[PDB]
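Undergrad: part one of the complex, untouched from its place in the assembly:
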Amino acid sequence: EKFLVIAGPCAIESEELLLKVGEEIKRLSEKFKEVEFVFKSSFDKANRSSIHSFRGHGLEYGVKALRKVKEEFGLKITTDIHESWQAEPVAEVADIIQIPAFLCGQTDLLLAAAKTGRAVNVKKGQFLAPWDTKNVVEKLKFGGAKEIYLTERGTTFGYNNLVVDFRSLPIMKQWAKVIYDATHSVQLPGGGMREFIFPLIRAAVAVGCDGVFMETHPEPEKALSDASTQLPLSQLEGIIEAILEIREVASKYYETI
Amino acid sequence: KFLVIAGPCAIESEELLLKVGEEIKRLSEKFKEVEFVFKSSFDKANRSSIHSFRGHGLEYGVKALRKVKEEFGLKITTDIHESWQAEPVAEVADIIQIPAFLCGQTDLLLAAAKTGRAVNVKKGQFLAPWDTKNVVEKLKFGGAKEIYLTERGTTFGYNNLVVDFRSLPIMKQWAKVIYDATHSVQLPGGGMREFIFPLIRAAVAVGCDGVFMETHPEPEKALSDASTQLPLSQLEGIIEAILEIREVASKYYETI
């Protein structure tokens, strides 16, 4: 099947930053034809730690910038929603509606996403066991979702730390396509983070998944969010080529679910 | 004074909210040194199954709660799930409750703060104690003045929660701490019930400004949390017990 790569800057800092990253993603999509790229960026960071942290430029502006990207590079789009009412307007540009980790259980948000007709990607909450995502998918199908994804982004392990229990990839795969989030899984809520992105991502594809999610920024050192975990845009190509290779050599061993 | 939030988990009917309210009213008259607050949810926004009981709606819920505050003169508290519900609920709710999973949703918090009412934030299972400082700050920025942080357990492996009592003195540095004696023993997704009382005792021995307890006339027949909701008849004894322990232990509560 076709491997999915979801990438983009964490936050829509500006419509300019978006086109910049979009161009590189467009170039990679032309080189890696066996991959399905999806451009990602949040129009709003609805749960920053501090009130003084960057949030976004609004739903209207964000949807507008995301549309420019889709229009100029012909790339699929995905963004996340935080409240039911955002589902409809967001579905006008987003091919995949993403549900935040903390909200993976909110029945109304799930239902709002499902009826749009768009694909849905749920970030598995840090508090959720892998086998309990089964009902999250049941809710979505009930609400009309035909294209569903579950994203592994780590589990709470003590305070201010997340661990990736790779046993979850084959478990969640029983009821949905699985995406490994290479960026948030090494984050420390509130390991040295960055140095582990690449090795864990190798593990993901060795275990087996249907796609990976990576927040990439031209200059992570200057991002308005996830500055310490966003992958430098120049390294994106290398990471991709590498996971496609590992995936290929490992794939014949992938178990049938 | 010492806070005691109690009531049925979900608003199964205005009828139920009145029967439990009656008993709460009676305890209210018996323990003048305790400030009772009636709690009940007009909607279970995150039931595991789509096929579970959510409720009769926000309008019907606010109607029943209003009936309780009128027929018994008891303060009210209910939880909101989306920003738009902060205003309509603040009409009957003396304290707006922020669900544990949503403790980080800035918009939901700012909306709660805007109604001028008191706000009680449930500490997320994924959140470290010291990280609640930022939750309170967001509320102060939004104009909140009476702010409560409630301990309801922390993610411990899969389908399990542990109560790290160190969190009580830690959160107390920036808010009034409430201990949720009911959701702290439930297994997400021990024998639950048998641990409710023992842990409540630990909570007051350590030191907290209040306790949260879901009670139902017939837990077995409850439409939500039927295994962790305390039988109404047992509420009096547990309150009396926590006041006595508090009386003796309070002598040793460390200074913020």
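TA: Yes, it's here. Numbering: from 1, shown residues only, chains lettered A, B, ... in the order given.
Undergrad: look up the closest residue to residue A:64, ignoring the ones flanking it.
TA: Leaving aside its chain neighbours, residue A:64 sits nearest to residue A:15 (7.5 Å; criterion: Cβ to Cβ, 6 or more residues apart in numbering or on different chains). Bear in mind the C-beta positions are built from the backbone N, C-alpha and C, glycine included.
Undergrad: check contacts around residue A:73.
TA: Neighbouring residues of residue A:73 by Cβ atoms under 8 Å, 6 or more residues apart in numbering or on different chains: A:22, A:23, A:25, A:26, A:39.
Undergrad: ugh, typo on my part, it should be residue A:162
TA: Per Cβ under 8 Å, 6+ apart, neighbours of residue A:162: A:126, A:153, A:154, A:155, A:156, A:184, A:185, A:186, A:187, A:188, A:189.
Undergrad: which residue is the nearest non-sequential neighbour of the last one?
TA: Right, residue A:189. residue A:160 (5.3 Å).
Undergrad: my guess is that neighbour contacts residue A:193, does it?
TA: No: using Cβ atoms under 8 Å, residue A:160 is not in contact with residue A:193, being 11.6 Å away.
Undergrad: which among the contacts of residue A:73 end up buried?
TA: Among the contacts of residue A:73, the ones that count as buried by 16 or more other Cβ atoms under 10 Å in any protein chain shown are A:22, A:25, A:26, A:39.
Undergrad: got the phi and psi for the last one?
TA: If I follow you right, that is residue A:39. Dihedral pair for residue A:39: phi -80, psi 130, per degrees, to the nearest 10.
Undergrad: and residue A:117, how many neighbours?
TA: 12 (other Cβ atoms under 10 Å in any protein chain shown).
Undergrad: how many neighbouring residues does residue A:156 have?
TA: That count, for residue A:156 with other Cβ under 10 Å as the rule, works out to 23.
Undergrad: typo on my end, it should be residue A:50
TA: 11.
Undergrad: which residues touch it?
TA: Here residue A:50 is in contact with B:134, B:137, B:138 (Cβ under 8 Å, 6+ apart).
Undergrad: likewise for residue A:160?
TA: Here residue A:160 is in contact with A:188, A:189, A:190, B:128, B:131 (criterion: Cβ under 8 Å, 6+ apart).
Undergrad: so it, which of the three states?
TA: coil (DSSP: H, G, I helix; E, B strand; the rest coil).
Undergrad: show me the helices in chain A, by range?
TA: Using DSSP state H, the helices of chain A run over residues A:15-31, A:59-73, A:87-90, A:107-115, A:134-142, A:168-172, A:197-207, A:236-251.
Undergrad: chain C goes on too:
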Amino acid sequence: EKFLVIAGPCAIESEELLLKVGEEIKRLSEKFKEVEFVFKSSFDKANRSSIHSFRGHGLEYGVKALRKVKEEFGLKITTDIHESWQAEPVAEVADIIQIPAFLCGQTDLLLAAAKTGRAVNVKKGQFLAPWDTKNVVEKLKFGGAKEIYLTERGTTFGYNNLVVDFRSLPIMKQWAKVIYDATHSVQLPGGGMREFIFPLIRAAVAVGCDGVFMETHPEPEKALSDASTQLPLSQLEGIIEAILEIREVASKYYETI
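TA: Placing chain C onto the earlier chains gives this:
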């Protein structure tokens, strides 16, 4: 029943330090007649993090110092063993043989302790669930132990941190007397530690237990081990009086196991 208080310096730094702390424990035993005091001190720290850390003055010396304490103050004694062969010599002075947390599963060490005829106290391993201590007790009875204790000392919660799941006190109580270790439960393997000793200890007695364990040192700031967690000897009396009070008011509510 009679509440048990196990206290003493973490390590037998010197026979002098032992008599110093022993004197205070002797004085407290005379005041708190409803309490059963047991003097504790390890003749060896068999698992320090670094190789350059203090260990002890040997089994022979330690047993000798512990005997002086028992001889001069008439106090019961307890110390821990790390290998089967130490059981016999140690039982000649120890009223209670203690089994280290990491070794709570070592069948031979348990059996060696059990046949001495002395009482046995097992520190519940940081990796052990409360309901799995049931077999640790089964092993001891099999080996001849008639007086058995289980000590709560925290559970692994992420890296370098322990949490106390008080649900364990009523669980382990189903098959043994339970002791709450007020000192090691707030330690950070490899919370601010000290500031939590007293509140958690209050929780323990409120929940209900048969005794508490507290490492106390005249000058914690100078101890050779557990310097940041050992309680100052001058505060011992206050802590005890407080837990006896909380215990009394709470006891009528203790559930029957």
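Undergrad: please re-evaluate the contacts of residue A:50 in the presence of chain C.
TA: Counting by Cβ under 8 Å, 6+ apart, the residues that residue A:50 touches are B:134, B:137, B:138.
Undergrad: and it, how far from chain C?
TA: Computed as Cβ to the nearest Cβ, to the nearest Å, the residue A:50 to chain C distance reads 23 Å.
Undergrad: again, but for residue A:147
TA: In terms of Cβ to the nearest Cβ, residue A:147 sits 36 Å off from chain C.
Undergrad: what's near enough to touch the nearest residue to that residue once chain neighbours are set aside?
TA: Excluding its sequence neighbours, the residue lying closest to residue A:147 (Cβ to Cβ, 6+ apart) is residue A:119, at 3.6 Å. Shown in contact with residue A:119 (Cβ under 8 Å, 6+ apart): A:95, A:96, A:97, A:145, A:147, A:148, A:149.
Undergrad: and what of residue A:186?
TA: Neighbours of residue A:186 in contact, by Cβ under 8 Å, 6+ apart: A:154, A:162, A:193, A:194, A:196, A:197, A:200, A:229.
Undergrad: find the residue closest to it in space, skipping its chain neighbours.
TA: Of all residues not flanking residue A:186 in the chain, residue A:196 sits nearest, at 4.5 Å (Cβ to Cβ, 6+ apart).
Undergrad: near chain C, which residues of the stretch 101-250 of chain A? Just list them.
TA: Within the stretch 101-250 of chain A, the positions adjacent to chain C are A:157, A:158, A:159, A:161 by Cβ under 8 Å from any Cβ of the partner chain.
Undergrad: got a winner among the residues you listed for most neighbours?
TA: Most crowded among those, counting by other Cβ under 10 Å, is residue A:159 at 23 neighbours.
Undergrad: pretty sure it contacts residue C:159?
TA: No: with contacts counted by Cβ under 8 Å, residue A:159 stays clear of residue C:159, the gap being 9.8 Å.
Undergrad: quick one: the closest residue to residue A:255 other than its chain neighbours from chain C, how far?
TA: With sequence-adjacent residues excluded and distances taken as Cβ to Cβ, 6+ apart, residue A:255 is closest to residue A:170, at 6.4 Å. Distance of residue A:170 to chain C, computed by Cβ to the nearest Cβ: 25 Å.
Undergrad: residue A:98 now?
TA: 27 Å.
Undergrad: and that residue, bridged to which residues?
TA: residue A:80, residue A:121 (DSSP bridges).
Undergrad: give me the neighbour count for it.
TA: Around residue A:98 there are 25 residues (other Cβ under 10 Å).
Undergrad: here is chain D, add it in:
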Amino acid sequence: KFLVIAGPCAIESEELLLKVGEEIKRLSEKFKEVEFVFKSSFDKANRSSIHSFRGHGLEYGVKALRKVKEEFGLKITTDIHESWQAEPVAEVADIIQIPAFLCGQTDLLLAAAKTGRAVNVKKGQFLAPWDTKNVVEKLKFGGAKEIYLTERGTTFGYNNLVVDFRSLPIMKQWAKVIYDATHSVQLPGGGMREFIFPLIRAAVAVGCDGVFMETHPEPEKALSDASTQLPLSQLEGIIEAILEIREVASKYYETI
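TA: Take a look at chain D, now in place beside the chains above:
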């Protein structure tokens, strides 16, 4: 070269150690680029139940192992539980294995180091990756030169272990890292077996210097770890698979 430690969990009989050794010998001849090490315990020192199988003893165990090293010329590794067993075992064992629960017992480590042999320390379920630095240092102080650290999972709530693959590159800073593919999926005190292969693949994709696998002709009839021991017939395929993944992935292993 890449290390592969395999064999039956416990020494059920010299007979069993020879049948598994034969197959290991054959794989040894088939994969010249891999260094096979025969592993088996002469005693299960910490079985949950007193009524479980421990073994036939140290003498009988060292006798069977010796038979394997002679009849097949395969390196040997077994685990020691108390200091006094370091010397007698170092007679047949090329690598002395330190049990996970005992990774911090200074005397057991110094004794293992004294025999001059290679030492493989199992990282305790309670130990943080970076805290293994001290374990290696104790061994160097005791004269150890060939030191291995084995990842076997970390305590995650109750009766469960999780494998934090970040630990591999971290421990690699001060030792050769081995991945225990068998005990990492067992539930202390998921479906275990089904996760053994997937996680082994992750281990080599990340980068490790070797793998540890317990194998038994008939796992179902094994006297220890009958649910997590890999069927002998499957060993060849998994090895071939990890060599292929390694070949491709090794290009990206980060530098220590």
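Undergrad: what about the neighbour count of residue A:156 again, now that chain D is present?
TA: The burial count for residue A:156: 24, using other Cβ under 10 Å.
Undergrad: OK, contacts around it?
TA: If you count contacts by Cβ under 8 Å, 6+ apart, residue A:156 has them with A:126, A:127, A:162, A:189, B:125, B:126, B:154, B:155.
Undergrad: please redo it, this time with the cut-off set to 6 Å
TA: A:126, B:126, B:155 (Cβ atoms under 6 Å, 6 or more residues apart in numbering or on different chains).
Undergrad: what about the closest residue to residue A:231 other than its chain neighbours, distance to chain B?
TA: For residue A:231, ignoring the flanking residues on the chain, the nearest one in space by Cβ to Cβ, 6+ apart is residue A:216 at 4.7 Å. Residue A:216 is 24 Å from chain B, where distance means Cβ to the nearest Cβ.
Undergrad: same thing with residue A:182?
TA: According to Cβ to the nearest Cβ, residue A:182 and chain B sit 20 Å apart.
Undergrad: does that residue touch residue A:203 like I think?
TA: No: using Cβ atoms under 6 Å, residue A:182 is not in contact with residue A:203, being 10.2 Å away.
Undergrad: interface residues of the stretch 101-250 of chain A facing chain D?
TA: A:163, A:165-167, A:170, A:191, A:196, A:199, A:202-203, A:206-207, A:242, A:245-246, A:249-250 (Cβ under 6 Å from any Cβ of the partner chain).
Undergrad: buried subset of these as a ChimeraX selection?
TA: Remark: buried members of these, expressed as a ChimeraX selection using 16+ other Cβ under 10 Å:
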select /A:163,165,166,167,170,191,196,199,202,203,206,207,242,245,246,249,250
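Undergrad: ok, and what's touching stretch A:238-256?
TA: Stretch A:238-256 is contacted from outside by A:202, A:205, A:206, A:208, D:201, D:205, D:241, D:244, D:245, D:248, D:249, D:252, using Cβ under 6 Å, 6+ apart.
Undergrad: likewise stretch A:136-146?
TA: A:104, A:110, A:111, A:114, A:115, A:120, A:122, A:148, A:175, A:176, B:50.
Undergrad: next one: stretch A:189-206
TA: Outside stretch A:189-206, the residues that touch it by Cβ under 6 Å, 6+ apart are A:49, A:160, A:164, A:180, A:182, A:186, A:228-229, A:243, A:246-247, A:250, B:128, B:131, D:165-166, D:169, D:201-202, D:205-206.
Undergrad: contact partners for the spatially most central residue of chain A?
TA: Nearest to the geometric centre of chain A sits residue A:213, at 4.2 Å (Cα atoms, centre = their mean). By Cβ under 6 Å, 6+ apart, the contact list for residue A:213 reads A:6, A:179, A:181.
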